[PDB]
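Accompanying notes for the structure given below.
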Amino acid sequence: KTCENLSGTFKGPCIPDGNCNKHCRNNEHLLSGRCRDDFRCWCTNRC
């Protein structure tokens, strides 16, 4: 896969709404696009 980190508690947050995939995928259009803060999702893209 490509550069992926979990957005949330560990290694950088994002958004507390829980809509992870739609976030990284809609605005940034990543590969896994799993963006949250209060919640934890892995966004994947090429760094």
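Going through the structure tokens in order, the chains are called A, B, and so on, while each chain numbers its residues from 1 and the ligands are numbered from 1 in the order shown.
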Practice task
Show which residues sit within 8 Å of segment 16-24 of chain A, as number ranges by chain. Count only C-alpha atoms, and ignore same-chain residues fewer than 5 positions away.
Solution key: A: 29-30, 32-41, 43
Exercise for the section: Would you return as a PyMOL selection string the members of chain A that DSSP assigns to alpha helix (DSSP H) on this structure's backbone? Expected result: chain A and resi 20-26
Problem - Top pick for closest residue to residue 28 of chain A, considering A:15, A:3, A:44, A:10 and counting only C-alpha atoms - result: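 Closest residue, counting only C-alpha atoms: A:44.
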Exercise for the section: From the DSSP assignment of the backbone, select every residue of chain A that is strand (DSSP E), and format the answer as a list in words. Expected result: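 Strand (DSSP E) members of chain A, listed: residues 4, 5, 6, 7, 41, 42, 43 and 44 of chain A.
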